[PDB]
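Here's the structure we're looking at; comments come further down.
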Amino acid sequence: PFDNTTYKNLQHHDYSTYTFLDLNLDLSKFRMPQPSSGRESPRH
Amino acid sequence: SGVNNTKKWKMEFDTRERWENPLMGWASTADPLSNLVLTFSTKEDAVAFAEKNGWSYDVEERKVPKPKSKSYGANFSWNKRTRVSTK
């Protein structure tokens, strides 16, 4: 079963416009809570 | 931004009337001291000169800019308002 003769990175032929952001949205549940600077923004 | 014209003390006199010349519209004056500006190393030298010449005077203290605390790193503060939004 050692076939070193085919290209095994064909998945990206089926990627679309929102593939990257859908994965980021999917990943959202696995993240740790973010740290906070103590204010809403540098202009607060 | 150059500061080289703020090194010496100056003595000037009170401004007096200037009027328009009827012929040409030039600025006329009757004040012989209108252009006299004296330079002095120290405030004390300027006062001494004015006293012996009999001139009434006012002294204005020198205005040195105060030292500032400058930090480039402050532009990128994690939790302070000094963080710049642009460069």
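Residue numbering restarts at 1 for every chain of the structure tokens, chains are lettered A, B, ... in their displayed order, and ligands are numbered from 1 as they appear.
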Practice item. Could the residues of chain A within 9 Å of chain B, counting only C-alpha atoms, be given as an MDAnalysis selection string, please? Key: chainID A and resid 36:39 41:44
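Our summary of the geometry notes that atom CA of residue B:15 is positioned 9.5 Å from atom CA of residue B:35.
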Check your understanding: By how many Å are atom CA of residue B:14 and atom CA of residue B:38 apart?
Key ->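 Separation of atom CA of residue B:14 and atom CA of residue B:38: 13.6 Å.
One finds atom CA of residue B:9 at 24.6 Å from atom CA of residue B:68.
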Exercise for review: Tell me which protein, DNA and RNA residues are within 12 Å of stretch 48-54 of chain B, counting only C-alpha atoms, leaving out same-chain ones fewer than 2 positions away, and put them as a list in words.
Suggested key: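 Answer for this query is residues 10, 11, 12, 13, 38, 39, 40, 41, 42, 43, 44, 45, 46, 56, 57, 58 and 59 of chain B.
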Exercise for review: Please identify which residues in chain A DSSP calls alpha helix (DSSP H) from the backbone, and express them as a list in words.
Suggested key: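 Here is the list: residues 19, 20, 21, 22, 23, 24, 25, 26 and 27 of chain A.
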N, CA and C atoms of the current selection, written as a compact mmCIF listing (two decimals), in the first residue's frame:
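Contents of selection.txt, freshly written:
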# COMPACT_ATOMS: atom_id res chain seq x y z
N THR A 19 -15.10 28.96 2.35
CA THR A 19 -14.51 27.80 3.02
C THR A 19 -13.70 28.23 4.24
N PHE A 20 -12.85 29.24 4.08
CA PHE A 20 -11.97 29.64 5.17
C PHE A 20 -12.76 30.17 6.36
N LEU A 21 -13.75 31.02 6.11
CA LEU A 21 -14.50 31.62 7.20
C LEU A 21 -15.50 30.65 7.82
N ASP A 22 -15.94 29.64 7.07
CA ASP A 22 -16.79 28.62 7.66
C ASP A 22 -16.00 27.76 8.64
N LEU A 23 -14.74 27.46 8.31
CA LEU A 23 -13.89 26.72 9.23
C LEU A 23 -13.59 27.55 10.47
N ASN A 24 -13.36 28.85 10.30
CA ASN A 24 -13.14 29.71 11.46
C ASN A 24 -14.39 29.77 12.34
N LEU A 25 -15.57 29.85 11.72
CA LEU A 25 -16.81 29.81 12.49
C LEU A 25 -16.97 28.46 13.18
N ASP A 26 -16.61 27.38 12.50
CA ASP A 26 -16.66 26.06 13.12
C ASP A 26 -15.70 25.97 14.30
N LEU A 27 -14.50 26.52 14.15
CA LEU A 27 -13.50 26.48 15.21
C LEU A 27 -13.88 27.30 16.42
Check your understanding: Between B:36, B:21, B:64, B:16, which is the closest to residue B:3 once you count only C-alpha atoms?
Key -> B:64
Check your understanding: Please, which residues of stretch 18-68 of chain B, numbered as in this document, come out strand (DSSP E) from DSSP, as JSON, numbers by chain?
Key -> {"B": [18, 19, 20, 27, 28, 29, 38, 39, 40]}
